[PDB]
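Okay, here we've got a single chain as structure tokens, the form deposited in one PDB entry, with questions on binding and movement later.
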């Protein structure tokens, strides 16, 4: 792999094996009153400020220099320009990677195969707004004349999680916007419980599928139409209750959807980076197009920051290299994302896909097997809830877990004159401080010495109440969680993922494991029918199939 033989990488590993374990956060702060000033980054977007405080990390000026040197020796900047210019960096599928073009508000041309893609990008956007306007104003009528009250997005993976996470995060910006629903799982329970609360006459279905062949989505779409053609009767009506977001016109029309009701995107739009395209139609419908453009504008601002800022002060690059440090040097398997915001309850899950599906690879772009770790397992839940649960292991477990704490300064609901948000902010701050500082045996002893216990009882309990600390965290604070700021935050992590993939020299934009998945079920599906036992697979698969057949009708 290109990595382990890289001089800057070897230098970093050499340094870590000699000083890595010695680094102590509490000691670093107690010996450098300027640590925060030197290890933090403030970004004025003109639409709110974003503070990236990466000072509670196990790094020194020297470490950061070695990390930035590695990013440079690995060609991060050149790779970046290649993506922004529309080059087919997605080598395995021979495609460009242009989610950045989807939000290119500057409209600077980006040529992909002879012609600029911006014109078609803006055309779909205009088509989206036009359609969105008709639905919102009550202009677009249902087959019996009523206005649409519910919009149901049907899709899975990249055609589901982005719009879901964003609509959830931007709920405060949904007006005369119809209710939005997200059906994704093939599990019948999903569409069933969703359709049970809907009126066919005022429900609009959005079939989101890049390829338009995914079994879960097409099956759910067909079931939804049957449920519709049910109370409706007559297939000419569908045209007023079903629209599509895809890149395959034939398949769409083949399903029964007119060309005018298809909002397309392109192959250079990865599912996990598609909410910025037609896929985000449910977002626009929910919060309006002005807010959707703000979302796009926020990402564009971050794209520019990432493209024009010196690596040393580049947000996504810093986040990426700190990750490299923990992954490749400390060997941390995971990365926690902890938003202190209820609206962002699907945020960690969104990047669990975005990150893991992008960098969960073991083959370099040249085809060589990596001999180092790649993408981490991303996970998390919004705080303060986690502080009462899994933070126990973060504080006193045997695993090093880098954590990104995020929070907006201003809340969308300043109830009780801000009492709730004040407490939320206090916990946000106190937790990272405690993870860094911990509580020594002596501090715990003195505290217990005041309990009136005694050397017998103080003794049995003391070690259990000691916190070794030295748990690294990043604190990301922003003025307010608005459509613009959310867009910037998402783009920030998209680029963090990009930078790491470059360092590891893998293809962060293909997903052969996901493609594999869409073909695996076909063989087993027909074998499930009937009570006759199956013996064509390994004994476990056979045994499970036979248990299923046996229990299928059990009362």
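We call the rigid core the largest set of C-alpha positions that still match within 1.5 Å between the two forms. Numbering follows the first chain given and starts at 1.
Remark: stretch with higher mean C-alpha B factor among 450-458 and 206-214 is 450-458.
When 422-430 is weighed against 90-98, 90-98 comes out higher, by mean CA B-factor as recorded in the entry.
Ranking 352, 248, 473, 220 by the C-alpha B-factor listed in the PDB entry places 248 at the top. Comparing C-alpha B-factors across 500, 55, 60, 31 in the deposited entry, the largest value falls on 31. Among the modelled residues of its chain, residue 369 has a C-alpha B-factor that falls in the middle third according to the deposited record. Among all modelled residues in this chain, the alpha-carbon of residue 255 has a temperature factor (C-alpha) in the highest third. Sorting the modelled residues of the chain by their CA temperature factor places residue 109 in the highest third. Among the modelled residues of its chain, residue 539 has a C-alpha B-factor that falls in the middle third, as given in the PDB entry.
Residue-level temperature factors show residue 478 in the lowest third of its chain, judged at the C-alpha atom.
Heads up, the form deposited in another entry isn't pictured, but that's what we're talking about next.
Of the residues 37, 42, 519, 31, exactly one exceeds or equals a 2 Å C-alpha shift between this form and the one not shown once the rigid core is aligned, and that residue is 519. Relative to the superposed rigid core, residue 451 undergoes a CA displacement of at least 2 Å between this form and the one not shown.
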